[PDB]
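As structure tokens, the structure follows; a few thoughts come after it.
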Amino acid sequence: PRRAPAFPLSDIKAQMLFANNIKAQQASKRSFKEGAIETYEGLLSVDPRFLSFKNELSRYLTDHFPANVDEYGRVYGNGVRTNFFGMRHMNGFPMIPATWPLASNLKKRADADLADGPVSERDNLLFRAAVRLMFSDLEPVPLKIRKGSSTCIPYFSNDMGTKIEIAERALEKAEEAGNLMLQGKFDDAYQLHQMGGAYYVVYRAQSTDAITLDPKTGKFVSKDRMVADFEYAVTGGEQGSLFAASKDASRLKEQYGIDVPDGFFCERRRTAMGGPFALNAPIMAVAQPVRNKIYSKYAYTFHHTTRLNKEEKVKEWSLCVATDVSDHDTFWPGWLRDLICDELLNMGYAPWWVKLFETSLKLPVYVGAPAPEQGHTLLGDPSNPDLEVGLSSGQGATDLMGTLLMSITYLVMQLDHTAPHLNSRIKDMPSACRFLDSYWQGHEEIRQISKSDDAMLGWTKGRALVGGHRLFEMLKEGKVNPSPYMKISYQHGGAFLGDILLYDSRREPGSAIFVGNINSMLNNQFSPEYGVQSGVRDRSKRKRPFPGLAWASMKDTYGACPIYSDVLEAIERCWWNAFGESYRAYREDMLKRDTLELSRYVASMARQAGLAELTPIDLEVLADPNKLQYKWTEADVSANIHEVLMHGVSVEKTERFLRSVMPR
DNA sequence: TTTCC
Ligand SMILES: Nc1nc2c(ncn2[C@@H]2O[C@H](COP(=O)(O)OP(=O)(O)OP(=O)(O)O)[C@@H](O)[C@H]2O)c(=O)[nH]1
């Protein structure tokens, strides 16, 4: 089954992905690199006092606060869903190798027993229904841009001036490009408007993966993360091998002299795809209006913020099932892409825009550097984009693509297993829409809250309920997959968008509460995804602009965990053991410094406020803006705070652009 | 200078 074309950096096909400037050339050549991160200023992730601290802390908590999770996967008691060994990683040092992106997932999906299209007319109706509800009656907004992000292929600029320039130009030429594409003239489209080429595969860290402590061994054991080699990825898993990356940290002593305590490992690595910006611009301009619609009209199932926000919806349920999906992104079906593109055409969207959109979801990928002596290889032909990688991380609508898939999938699961008496209501398109419209507002007997694959599925009182409980039982035994479309299962330790649902002895939603995930406080504070980048002097451009600020939001975020107090205390104690410092002091110090330095970037303060008008959301986002693109959205952040991190584009120009794109 | 709501 179609092997994918592969090209080497040397090849003209690859050469043309990188413009004649130094940054772009350097991107194409970039080699496997690694090294201890600067966890906080002047502190390395492998500093022996720090590692000693992680050894003591991690053990102490695992010991005194073992997970309270039932059978079932509801958490109770202490609010701990797992051990605390997650912090035992040499942050900045990757597992070897990273995976190669699969060029085609059709086999992956076939072997997994997953449908290659809607299976029943009902589902086909519901998927198109979801397209219609989401992409209709949209309100124009200005295209926002992360400060310091890359335009990737082919210029690799972080100059806002140049980004705005590119974006604006892209909205003008979007139409010619799509039409060109409609004519099969992809190369022309890429050469004239930089729309096409490929994704740039950047490997990012997941600093905290599973590590258990073997009862029989006494040795810690790292979770095995499976990865593909070149052959696997090009052949969709026909040839080649799929195997376990090595997290073994011993190489760290031999190579770099670094001292490696027992039970510490190299970090997991997630592949990440950077989009050609000229192509993503036209897409983001529409994606954001769509996000806006769903978080307004279908706020029930889609718009989540405060822990009380979630609790209010769920407490009304008789049953709450916490699902989750395995490797959602690599599994995501291209048939969905096509269907989405189809109904969008039927709604009367611009054919040339649906074509841009379509293409963005079948684009080749530039594989950079999964390992030493590896990478620098283009997968797929940009002349005729035909890759089926699943969902490309930096596509511009990837949250929405995920949401579309999983929201319907989930509803379907509910129907199939719990609410047959509901099918008579989904006869045609209009009836389907009205049903979906109702379902999403939370007006039916089956309910759902979700962001992409993370969901909690809900049953009120009624006929579905009994079915609900069986579904839940089906999910526990785990012998049979409840969906035709994706591999679904119950979360072992139920939690939604970061907050744990804390059940009491009743084990019912009614007497359940949302508290923060204490383990997340730890991951965030001692195992950050990036270093502090103290070389970057413009902090709005740093991955972690104002680390110290999280101290001020700690109480609001995590103060509701049953063991909050005890955890801060254990830290203090272990930190004193390891540093002869008050950890608390060191934070309050850093809180102060970053608070001053902030007034600089928010002239709209600007010192004298003091931490002022800032909500907890702001404070966590300032310390970690990576929370814009998974947890919170625009209108959850104060407007003068947004403009520190983001930058807009001529509203006239988006407004003009949108108009030529949409039906009405 | 490293992509993603
Ligand atoms: N919000 C948020 N999510 C994270 C963070 N780190 C990891 N994740 C999420 O954790 C999820 C783990 O997904 P998987 O790749 O399937 O790992 P897994 O849940 O163990 O999957 P299985 O191997 O099937 O058990 C990812 O999809 C991420 O979205 C983080 O720092 N913040």
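Each chain in the structure tokens gets a letter, A, B and so on, in the order shown; residues start at 1 in every chain, and ligands are counted from 1 in the order they appear.
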Determine, using only C-alpha atoms and all ligand atoms, which residues of chain A have any atom at most 6 Å from an atom of ligand 1, and tabulate each with its shortest atom pair and distance in Å to one decimal place, rows ordered by chain and then rising number, as CSV.
residue,atom,partner,partner_atom_place_in_ligand_line,distance
A:206,CA,ligand 1,6 (N),5.7
A:326,CA,ligand 1,24 (O),4.0
A:327,CA,ligand 1,16 (O),4.1
A:630,CA,ligand 1,1 (N),5.5
A:631,CA,ligand 1,1 (N),5.8
Write a file of the selected residues as a PDB file, in the first residue's frame, keeping N, CA and C atoms.
ATOM      1  N   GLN A 206       7.712  16.009  26.790  1.00  0.00           N
ATOM      2  CA  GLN A 206       6.703  15.766  27.789  1.00  0.00           C
ATOM      3  C   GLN A 206       7.516  15.371  29.004  1.00  0.00           C
ATOM      4  N   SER A 326      -6.646   7.169  22.846  1.00  0.00           N
ATOM      5  CA  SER A 326      -5.240   6.832  22.684  1.00  0.00           C
ATOM      6  C   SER A 326      -4.692   7.432  21.404  1.00  0.00           C
ATOM      7  N   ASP A 327      -3.603   8.188  21.517  1.00  0.00           N
ATOM      8  CA  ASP A 327      -2.899   8.708  20.345  1.00  0.00           C
ATOM      9  C   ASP A 327      -3.869   9.346  19.343  1.00  0.00           C
ATOM     10  N   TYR A 630      -4.184  24.938  24.648  1.00  0.00           N
ATOM     11  CA  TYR A 630      -4.731  23.666  25.117  1.00  0.00           C
ATOM     12  C   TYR A 630      -5.772  23.814  26.238  1.00  0.00           C
ATOM     13  N   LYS A 631      -5.579  24.788  27.126  1.00  0.00           N
ATOM     14  CA  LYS A 631      -6.472  24.943  28.280  1.00  0.00           C
ATOM     15  C   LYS A 631      -7.473  26.095  28.157  1.00  0.00           C
TER      16      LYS A 631
END
Residues of chain A within 9 Å of chain B, counting only C-alpha atoms (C1' of nucleotides) - could you list those as an MDAnalysis selection string?
chainID A and resid 23 148:152 157:158 199:202 204 272:275 288 291 393:399 536 541 543 626:634
Selection to disk with N, CA and C atoms, as an mmCIF file, in the first residue's frame:
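Okay, this is what ended up in out_16.cif:
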data_model
loop_
_atom_site.group_PDB
_atom_site.id
_atom_site.type_symbol
_atom_site.label_atom_id
_atom_site.label_comp_id
_atom_site.auth_asym_id
_atom_site.auth_seq_id
_atom_site.Cartn_x
_atom_site.Cartn_y
_atom_site.Cartn_z
ATOM 1 N N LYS A 23 18.518 31.694 8.673
ATOM 2 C CA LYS A 23 17.647 30.958 9.585
ATOM 3 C C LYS A 23 17.061 29.713 8.908
ATOM 4 N N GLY A 148 6.765 35.867 18.492
ATOM 5 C CA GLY A 148 7.961 35.048 18.427
ATOM 6 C C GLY A 148 7.792 33.659 17.841
ATOM 7 N N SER A 149 6.604 33.347 17.331
ATOM 8 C CA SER A 149 6.386 32.056 16.702
ATOM 9 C C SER A 149 7.078 32.071 15.339
ATOM 10 N N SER A 150 7.291 30.906 14.745
ATOM 11 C CA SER A 150 7.951 30.846 13.452
ATOM 12 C C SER A 150 6.949 30.813 12.332
ATOM 13 N N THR A 151 7.307 31.415 11.204
ATOM 14 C CA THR A 151 6.505 31.265 9.993
ATOM 15 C C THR A 151 6.848 29.930 9.343
ATOM 16 N N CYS A 152 7.818 29.241 9.929
ATOM 17 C CA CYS A 152 8.315 27.990 9.387
ATOM 18 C C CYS A 152 8.501 28.093 7.883
ATOM 19 N N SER A 157 10.805 33.104 10.028
ATOM 20 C CA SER A 157 10.972 34.405 10.621
ATOM 21 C C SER A 157 10.227 34.426 11.951
ATOM 22 N N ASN A 158 10.727 35.213 12.902
ATOM 23 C CA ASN A 158 10.017 35.453 14.151
ATOM 24 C C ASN A 158 9.746 36.927 14.304
ATOM 25 N N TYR A 199 4.910 20.533 6.457
ATOM 26 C CA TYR A 199 5.039 20.799 7.881
ATOM 27 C C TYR A 199 6.488 20.601 8.290
ATOM 28 N N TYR A 200 6.917 21.334 9.306
ATOM 29 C CA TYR A 200 8.269 21.198 9.817
ATOM 30 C C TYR A 200 8.155 20.476 11.136
ATOM 31 N N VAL A 201 8.761 19.299 11.231
ATOM 32 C CA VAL A 201 8.593 18.450 12.401
ATOM 33 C C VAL A 201 9.567 18.789 13.525
ATOM 34 N N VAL A 202 9.039 19.427 14.558
ATOM 35 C CA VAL A 202 9.821 19.809 15.718
ATOM 36 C C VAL A 202 9.473 18.889 16.869
ATOM 37 N N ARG A 204 9.098 18.069 20.691
ATOM 38 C CA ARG A 204 8.923 18.712 21.998
ATOM 39 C C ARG A 204 8.877 17.729 23.168
ATOM 40 N N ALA A 272 5.931 17.313 16.832
ATOM 41 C CA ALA A 272 5.113 18.510 16.680
ATOM 42 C C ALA A 272 5.294 19.030 15.272
ATOM 43 N N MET A 273 4.219 19.487 14.651
ATOM 44 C CA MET A 273 4.349 19.941 13.279
ATOM 45 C C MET A 273 4.087 21.422 13.121
ATOM 46 N N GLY A 274 5.105 22.126 12.635
ATOM 47 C CA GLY A 274 5.012 23.545 12.356
ATOM 48 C C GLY A 274 4.540 23.819 10.942
ATOM 49 N N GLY A 275 3.440 24.558 10.831
ATOM 50 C CA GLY A 275 2.852 24.816 9.524
ATOM 51 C C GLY A 275 3.464 25.942 8.698
ATOM 52 N N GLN A 288 -10.815 30.894 14.126
ATOM 53 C CA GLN A 288 -11.075 31.661 15.341
ATOM 54 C C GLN A 288 -12.555 32.046 15.457
ATOM 55 N N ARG A 291 -14.256 28.932 16.680
ATOM 56 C CA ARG A 291 -14.020 28.761 18.112
ATOM 57 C C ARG A 291 -14.949 29.662 18.872
ATOM 58 N N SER A 393 -0.414 18.631 14.013
ATOM 59 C CA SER A 393 -0.361 19.520 15.182
ATOM 60 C C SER A 393 -0.521 21.044 14.970
ATOM 61 N N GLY A 394 0.208 21.632 14.026
ATOM 62 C CA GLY A 394 0.152 23.070 13.860
ATOM 63 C C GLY A 394 -0.598 23.491 12.612
ATOM 64 N N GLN A 395 -1.795 22.930 12.399
ATOM 65 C CA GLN A 395 -2.567 23.147 11.168
ATOM 66 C C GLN A 395 -3.450 24.391 11.176
ATOM 67 N N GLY A 396 -3.818 24.858 12.363
ATOM 68 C CA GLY A 396 -4.568 26.093 12.458
ATOM 69 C C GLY A 396 -6.007 25.896 12.856
ATOM 70 N N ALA A 397 -6.497 24.665 12.717
ATOM 71 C CA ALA A 397 -7.828 24.310 13.217
ATOM 72 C C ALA A 397 -7.827 22.983 13.942
ATOM 73 N N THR A 398 -6.687 22.613 14.521
ATOM 74 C CA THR A 398 -6.527 21.242 14.976
ATOM 75 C C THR A 398 -7.309 20.951 16.254
ATOM 76 N N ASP A 399 -7.535 21.972 17.069
ATOM 77 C CA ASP A 399 -8.444 21.791 18.205
ATOM 78 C C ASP A 399 -9.855 21.501 17.698
ATOM 79 N N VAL A 536 16.975 35.239 25.923
ATOM 80 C CA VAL A 536 15.969 36.022 25.229
ATOM 81 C C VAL A 536 15.672 37.254 26.090
ATOM 82 N N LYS A 541 8.483 36.922 24.153
ATOM 83 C CA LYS A 541 8.898 35.947 23.161
ATOM 84 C C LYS A 541 9.346 34.628 23.779
ATOM 85 N N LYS A 543 9.288 31.177 26.070
ATOM 86 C CA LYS A 543 8.302 30.111 26.222
ATOM 87 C C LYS A 543 7.700 30.238 27.607
ATOM 88 N N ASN A 626 1.759 28.525 26.813
ATOM 89 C CA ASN A 626 1.464 27.268 26.164
ATOM 90 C C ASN A 626 0.079 26.810 26.606
ATOM 91 N N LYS A 627 -0.490 27.515 27.580
ATOM 92 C CA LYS A 627 -1.848 27.239 28.050
ATOM 93 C C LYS A 627 -2.929 27.973 27.237
ATOM 94 N N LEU A 628 -2.509 28.808 26.285
ATOM 95 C CA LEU A 628 -3.431 29.410 25.321
ATOM 96 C C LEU A 628 -3.963 28.348 24.352
ATOM 97 N N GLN A 629 -3.084 27.415 23.996
ATOM 98 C CA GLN A 629 -3.354 26.447 22.944
ATOM 99 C C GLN A 629 -3.572 25.038 23.471
ATOM 100 N N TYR A 630 -4.184 24.938 24.648
ATOM 101 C CA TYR A 630 -4.731 23.666 25.117
ATOM 102 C C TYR A 630 -5.772 23.814 26.238
ATOM 103 N N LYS A 631 -5.579 24.788 27.126
ATOM 104 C CA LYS A 631 -6.472 24.943 28.280
ATOM 105 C C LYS A 631 -7.473 26.095 28.157
ATOM 106 N N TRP A 632 -6.964 27.319 28.032
ATOM 107 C CA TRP A 632 -7.811 28.515 27.983
ATOM 108 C C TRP A 632 -7.822 29.181 26.608
ATOM 109 N N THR A 633 -8.767 30.098 26.405
ATOM 110 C CA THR A 633 -8.885 30.834 25.138
ATOM 111 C C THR A 633 -9.028 32.342 25.339
ATOM 112 N N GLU A 634 -8.541 33.091 24.352
ATOM 113 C CA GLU A 634 -8.655 34.552 24.301
ATOM 114 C C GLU A 634 -9.447 35.200 25.436
#
Can you list every residue in region 84-133 of chain A that DSSP puts in strand (DSSP E), as a PyMOL selection string?
chain A and resi 89-94
Take the selection from the previous step and output its residues with N, CA, C and O atoms, as a compact mmCIF listing (two decimals), in the first residue's frame.
# COMPACT_ATOMS: atom_id res chain seq x y z
N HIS A 89 12.77 12.79 35.95
CA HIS A 89 13.28 12.83 34.59
C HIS A 89 14.44 13.80 34.45
O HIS A 89 14.46 14.86 35.09
N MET A 90 15.42 13.45 33.61
CA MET A 90 16.52 14.37 33.32
C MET A 90 16.11 15.44 32.30
O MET A 90 16.49 15.37 31.14
N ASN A 91 15.32 16.41 32.74
CA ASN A 91 14.68 17.36 31.85
C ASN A 91 15.64 17.99 30.85
O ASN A 91 16.61 18.62 31.24
N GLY A 92 15.34 17.82 29.57
CA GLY A 92 16.17 18.34 28.51
C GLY A 92 16.87 17.24 27.74
O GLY A 92 17.46 17.47 26.69
N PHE A 93 16.79 16.03 28.27
CA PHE A 93 17.39 14.88 27.63
C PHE A 93 16.31 13.93 27.17
O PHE A 93 15.65 13.30 27.99
N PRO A 94 16.13 13.82 25.85
CA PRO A 94 15.12 13.01 25.16
C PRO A 94 15.36 11.50 25.22
O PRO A 94 16.48 11.05 25.32
Applying 8 Å and only C-alpha atoms (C1' of nucleotides), which residues near residue 602 (chain A) remain after dropping the ones on its own chain fewer than 3 positions away? List them as a VMD selection string.
chain A and resid 598 to 599 605 to 606 640 to 641 644
Every residue of region 272-390 of chain A that DSSP places in helix (DSSP H, G or I), as a ChimeraX atom specification:
/A:277-297,299-302,307-314,328-331,334-346,351-360
Tell me, as a PDB file with N, CA and C atoms, in the first residue's frame, which residues lie within 12 Å of residue 384 (chain A), counting only C-alpha atoms (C1' of nucleotides); anything in the same chain fewer than 4 positions away does not count.
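Written output follows (selection_16.pdb):
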ATOM      1  N   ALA A   4       5.217   6.112   0.650  1.00  0.00           N
ATOM      2  CA  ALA A   4       5.263   7.539   0.428  1.00  0.00           C
ATOM      3  C   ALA A   4       6.587   7.917  -0.201  1.00  0.00           C
ATOM      4  N   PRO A   5       6.560   8.892  -1.110  1.00  0.00           N
ATOM      5  CA  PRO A   5       7.839   9.353  -1.642  1.00  0.00           C
ATOM      6  C   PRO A   5       8.668   9.876  -0.484  1.00  0.00           C
ATOM      7  N   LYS A  13      13.500  18.834  -4.152  1.00  0.00           N
ATOM      8  CA  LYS A  13      12.176  18.864  -3.521  1.00  0.00           C
ATOM      9  C   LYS A  13      12.235  19.345  -2.077  1.00  0.00           C
ATOM     10  N   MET A 181      -4.581  25.585  -6.841  1.00  0.00           N
ATOM     11  CA  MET A 181      -4.621  24.228  -6.310  1.00  0.00           C
ATOM     12  C   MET A 181      -5.747  23.417  -6.962  1.00  0.00           C
ATOM     13  N   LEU A 182      -6.940  23.997  -6.996  1.00  0.00           N
ATOM     14  CA  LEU A 182      -8.037  23.406  -7.753  1.00  0.00           C
ATOM     15  C   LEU A 182      -7.643  22.990  -9.191  1.00  0.00           C
ATOM     16  N   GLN A 183      -6.627  23.625  -9.771  1.00  0.00           N
ATOM     17  CA  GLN A 183      -6.172  23.287 -11.119  1.00  0.00           C
ATOM     18  C   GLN A 183      -5.054  22.235 -11.097  1.00  0.00           C
ATOM     19  N   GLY A 184      -4.752  21.732  -9.905  1.00  0.00           N
ATOM     20  CA  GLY A 184      -3.675  20.780  -9.729  1.00  0.00           C
ATOM     21  C   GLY A 184      -2.311  21.454  -9.728  1.00  0.00           C
ATOM     22  N   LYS A 185      -2.292  22.790  -9.733  1.00  0.00           N
ATOM     23  CA  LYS A 185      -1.032  23.534  -9.844  1.00  0.00           C
ATOM     24  C   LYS A 185      -0.432  23.894  -8.469  1.00  0.00           C
ATOM     25  N   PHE A 186      -0.089  22.864  -7.707  1.00  0.00           N
ATOM     26  CA  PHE A 186       0.387  23.059  -6.345  1.00  0.00           C
ATOM     27  C   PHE A 186       1.709  23.783  -6.277  1.00  0.00           C
ATOM     28  N   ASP A 187       2.653  23.370  -7.110  1.00  0.00           N
ATOM     29  CA  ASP A 187       3.963  23.983  -7.110  1.00  0.00           C
ATOM     30  C   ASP A 187       3.834  25.485  -7.360  1.00  0.00           C
ATOM     31  N   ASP A 188       2.977  25.843  -8.306  1.00  0.00           N
ATOM     32  CA  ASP A 188       2.783  27.250  -8.607  1.00  0.00           C
ATOM     33  C   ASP A 188       2.303  27.981  -7.368  1.00  0.00           C
ATOM     34  N   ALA A 189       1.267  27.428  -6.740  1.00  0.00           N
ATOM     35  CA  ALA A 189       0.735  27.974  -5.492  1.00  0.00           C
ATOM     36  C   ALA A 189       1.812  28.172  -4.418  1.00  0.00           C
ATOM     37  N   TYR A 190       2.708  27.196  -4.267  1.00  0.00           N
ATOM     38  CA  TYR A 190       3.776  27.320  -3.283  1.00  0.00           C
ATOM     39  C   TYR A 190       4.826  28.358  -3.685  1.00  0.00           C
ATOM     40  N   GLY A 196       1.813  25.729   0.784  1.00  0.00           N
ATOM     41  CA  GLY A 196       2.117  24.367   0.409  1.00  0.00           C
ATOM     42  C   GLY A 196       3.442  23.982   1.024  1.00  0.00           C
ATOM     43  N   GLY A 197       4.229  23.177   0.319  1.00  0.00           N
ATOM     44  CA  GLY A 197       5.519  22.766   0.833  1.00  0.00           C
ATOM     45  C   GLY A 197       5.363  21.619   1.802  1.00  0.00           C
ATOM     46  N   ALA A 198       5.450  21.911   3.097  1.00  0.00           N
ATOM     47  CA  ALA A 198       5.378  20.865   4.107  1.00  0.00           C
ATOM     48  C   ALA A 198       5.258  21.418   5.524  1.00  0.00           C
ATOM     49  N   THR A 359      -5.993  20.767   1.563  1.00  0.00           N
ATOM     50  CA  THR A 359      -4.570  20.552   1.384  1.00  0.00           C
ATOM     51  C   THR A 359      -3.837  20.576   2.717  1.00  0.00           C
ATOM     52  N   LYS A 362      -3.350  17.270   4.217  1.00  0.00           N
ATOM     53  CA  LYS A 362      -2.672  16.182   3.488  1.00  0.00           C
ATOM     54  C   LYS A 362      -1.256  16.536   3.075  1.00  0.00           C
ATOM     55  N   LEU A 363      -0.673  17.482   3.793  1.00  0.00           N
ATOM     56  CA  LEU A 363       0.606  18.034   3.433  1.00  0.00           C
ATOM     57  C   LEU A 363       1.740  17.107   3.878  1.00  0.00           C
ATOM     58  N   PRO A 364       2.815  17.053   3.091  1.00  0.00           N
ATOM     59  CA  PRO A 364       4.038  16.346   3.456  1.00  0.00           C
ATOM     60  C   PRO A 364       4.661  16.946   4.707  1.00  0.00           C
ATOM     61  N   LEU A 379       8.983  13.709   3.782  1.00  0.00           N
ATOM     62  CA  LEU A 379       8.045  12.629   3.502  1.00  0.00           C
ATOM     63  C   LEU A 379       6.831  13.135   2.725  1.00  0.00           C
ATOM     64  N   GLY A 380       6.582  12.537   1.563  1.00  0.00           N
ATOM     65  CA  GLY A 380       5.517  12.991   0.689  1.00  0.00           C
ATOM     66  C   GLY A 380       6.006  13.956  -0.378  1.00  0.00           C
TER      67      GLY A 380
END
Near region 455-463 of chain A, within 10 Å and counting only C-alpha atoms (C1' of nucleotides), which residues show up once chain neighbours fewer than 4 positions away are dropped, as a ChimeraX atom specification?
/A:301-302,313-314,316-325,403,406-407,410-411,413-414,418-421,442,444-451,467-469,472,490-491,494-497,509
Can you list, as number ranges by chain, every protein, DNA or RNA residue that comes within 12 Å of residue 175 (chain A) when you count only C-alpha atoms (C1' of nucleotides), leaving out same-chain residues fewer than 5 positions away?
A: 169-170, 180-182, 189, 193, 195, 279, 282-283, 350-357, 657-661
Taking N, CA, C and O atoms for each residue, export the selection above as a short mmCIF file (atom, residue, chain, number, x, y, z; two decimals), in the first residue's frame.
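File part_10.cif, as written:
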data_model
loop_
_atom_site.label_atom_id
_atom_site.label_comp_id
_atom_site.auth_asym_id
_atom_site.auth_seq_id
_atom_site.Cartn_x
_atom_site.Cartn_y
_atom_site.Cartn_z
N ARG A 169 -0.61 39.63 3.39
CA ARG A 169 -0.41 39.20 2.00
C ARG A 169 -1.15 37.89 1.72
O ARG A 169 -1.71 37.69 0.64
N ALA A 170 -1.17 37.00 2.70
CA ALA A 170 -1.76 35.69 2.53
C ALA A 170 -3.26 35.76 2.39
O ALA A 170 -3.87 34.92 1.73
N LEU A 180 -5.51 27.96 -8.03
CA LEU A 180 -4.35 27.26 -8.56
C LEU A 180 -4.36 25.81 -8.13
O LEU A 180 -4.16 24.90 -8.95
N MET A 181 -4.58 25.58 -6.84
CA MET A 181 -4.62 24.23 -6.31
C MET A 181 -5.75 23.42 -6.96
O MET A 181 -5.54 22.29 -7.43
N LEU A 182 -6.94 24.00 -7.00
CA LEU A 182 -8.04 23.41 -7.75
C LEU A 182 -7.64 22.99 -9.19
O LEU A 182 -8.27 22.12 -9.77
N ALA A 189 1.27 27.43 -6.74
CA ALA A 189 0.74 27.97 -5.49
C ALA A 189 1.81 28.17 -4.42
O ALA A 189 1.83 29.21 -3.74
N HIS A 193 2.99 31.94 -3.53
CA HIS A 193 2.37 32.42 -2.30
C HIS A 193 2.80 31.67 -1.07
O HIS A 193 2.26 31.89 0.01
N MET A 195 2.26 28.82 -0.15
CA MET A 195 1.16 28.02 0.39
C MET A 195 1.26 26.58 -0.07
O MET A 195 0.84 26.23 -1.16
N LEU A 279 0.05 29.48 4.46
CA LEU A 279 -1.07 28.58 4.25
C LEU A 279 -1.98 28.58 5.46
O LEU A 279 -3.20 28.51 5.32
N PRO A 282 -4.85 31.89 6.19
CA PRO A 282 -6.21 31.85 5.65
C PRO A 282 -7.12 30.97 6.48
O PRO A 282 -8.33 31.21 6.55
N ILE A 283 -6.53 29.95 7.09
CA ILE A 283 -7.26 28.98 7.89
C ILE A 283 -7.57 29.48 9.28
O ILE A 283 -8.69 29.34 9.76
N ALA A 350 -16.39 28.99 -0.09
CA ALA A 350 -15.53 29.19 -1.26
C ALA A 350 -14.78 27.91 -1.64
O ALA A 350 -13.97 27.41 -0.87
N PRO A 351 -15.06 27.37 -2.82
CA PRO A 351 -14.33 26.18 -3.26
C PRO A 351 -12.83 26.33 -3.11
O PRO A 351 -12.18 25.35 -2.73
N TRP A 352 -12.29 27.52 -3.38
CA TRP A 352 -10.83 27.73 -3.32
C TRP A 352 -10.32 27.69 -1.89
O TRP A 352 -9.17 27.33 -1.63
N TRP A 353 -11.18 28.04 -0.94
CA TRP A 353 -10.79 27.99 0.45
C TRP A 353 -10.89 26.58 1.03
O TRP A 353 -10.08 26.18 1.85
N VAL A 354 -11.89 25.83 0.60
CA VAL A 354 -12.02 24.48 1.11
C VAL A 354 -10.81 23.69 0.63
O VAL A 354 -10.31 22.80 1.32
N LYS A 355 -10.33 24.06 -0.55
CA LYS A 355 -9.15 23.43 -1.15
C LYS A 355 -7.86 23.74 -0.38
O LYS A 355 -7.04 22.86 -0.16
N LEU A 356 -7.67 25.00 0.00
CA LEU A 356 -6.58 25.32 0.91
C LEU A 356 -6.71 24.42 2.13
O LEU A 356 -5.80 23.69 2.48
N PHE A 357 -7.88 24.49 2.75
CA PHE A 357 -8.17 23.72 3.94
C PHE A 357 -7.85 22.24 3.72
O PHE A 357 -7.03 21.67 4.45
N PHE A 657 -11.56 39.56 3.96
CA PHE A 657 -11.21 38.18 3.59
C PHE A 657 -12.33 37.20 3.91
O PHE A 657 -12.71 36.36 3.08
N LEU A 658 -12.86 37.29 5.11
CA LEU A 658 -13.85 36.33 5.53
C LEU A 658 -14.99 36.39 4.55
O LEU A 658 -15.50 35.37 4.09
N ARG A 659 -15.39 37.61 4.21
CA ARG A 659 -16.53 37.81 3.34
C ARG A 659 -16.46 37.00 2.03
O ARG A 659 -17.46 36.46 1.57
N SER A 660 -15.28 36.90 1.43
CA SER A 660 -15.14 36.19 0.17
C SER A 660 -15.11 34.67 0.38
O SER A 660 -15.14 33.90 -0.59
N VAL A 661 -15.05 34.25 1.64
CA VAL A 661 -14.85 32.84 2.00
C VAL A 661 -16.16 32.16 2.30
O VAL A 661 -16.42 31.05 1.83
#
So, counting only C-alpha atoms, which residue among A:474, A:44, A:103, A:69 is closest to residue 493 (chain A)?
A:69
